[PDB]
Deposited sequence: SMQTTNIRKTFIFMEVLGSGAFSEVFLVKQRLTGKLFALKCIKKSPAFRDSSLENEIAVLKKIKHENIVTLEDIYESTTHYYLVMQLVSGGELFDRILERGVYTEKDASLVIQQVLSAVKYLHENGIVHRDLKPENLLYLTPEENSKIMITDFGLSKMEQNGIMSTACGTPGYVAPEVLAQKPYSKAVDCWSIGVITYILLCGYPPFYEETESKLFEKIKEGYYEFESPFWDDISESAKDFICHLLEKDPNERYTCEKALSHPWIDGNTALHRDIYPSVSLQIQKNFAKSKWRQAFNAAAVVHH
């Protein structure tokens, strides 16, 4: 009956065992993101999804279930991607970035405290709710059913984790890994490139291990010491020493008044144009 309820309009994303479609509800004409997941932990997470409510997390509107799939009728977010919307601003400050990160931290803290790990947190996952200038930023794809293609069986049979035993020191998803990812996104939000952007893949591995991050001139010249301090606490190499979302939310750059109001759009926008593949 899923085709009796919804008109399928386009594919918005696809992963190993889950995909998201733009759909129109036939009865009402309203648009939604339908996340289709190929079949205890998933059912327990759905139970939690049903109960939780956060202004920065896509709403679960309904669930349909077949013998082979769950169909999660989700809120559609139509405001565009984080970095596209920064390019369209014309003016941009540290406090603008801090306000986005505060929202992301709040969302991910709420997931974490309800036993959900976000997984593979990428800039593309962070979408504005509406076209309006003051729009909330939204987390969209997250949790057990995150669309990623991990290991050599992801596409073939929809099964993640086929990775040679010497490769992974630990299971690749955790609350601390989500926090590190938020550190990286913060870094790029303030300069327009990821840390160690110009290092080879092999050197990047070593640099990340070493954990001594750099804030190069001229790009970081007019950025606050507070911002750099905040970022370093999330990029911290030791996951036991790394800030949790809770601890990050209490840092002066987020919670206080250390975030600057200087226009950094000129440099950040040039770097986004230079460095983002889709520019």
Deposited positions without coordinates, collected into consecutive stretches in sequence order: 1-5, 45-50, 291-304
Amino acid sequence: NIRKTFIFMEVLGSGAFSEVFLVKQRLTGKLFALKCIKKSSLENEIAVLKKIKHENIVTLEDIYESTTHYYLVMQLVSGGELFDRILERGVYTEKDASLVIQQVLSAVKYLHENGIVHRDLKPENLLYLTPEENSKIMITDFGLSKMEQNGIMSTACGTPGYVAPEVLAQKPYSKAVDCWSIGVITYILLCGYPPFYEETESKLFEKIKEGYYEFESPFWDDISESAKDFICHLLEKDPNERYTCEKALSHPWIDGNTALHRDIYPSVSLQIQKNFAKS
From here on, numbers count along this sequence of modelled residues.
The stretch carrying the higher mean Cα B factor in the deposited entry, 45-53 or 229-237, is 45-53
Going by the average Cα B-factor in the PDB entry, point out whether 23-31 or 248-256 comes out higher. 23-31
Highest Cα B-factor in the deposition, which of 166, 113, 199, 96? 199
In terms of recorded Cα temperature factor, pick the maximum from 135, 106, 75, 174. 135
Sorting the chain's CA B-factors, does residue 212 end up in the lowest, middle or highest third? highest
Grab the CA temperature factor for residue 131 from the record and place it in the lowest, middle or highest third of its chain. highest
Rank-wise, by C-alpha B-factor, drop residue 122 into the lowest, middle or highest third of its chain. middle
By the entry's values, the third containing the CA B factor of residue 270 is the middle
Please place residue 178 in the lowest, middle or highest third of its chain by C-alpha B factor as given in the entry. lowest
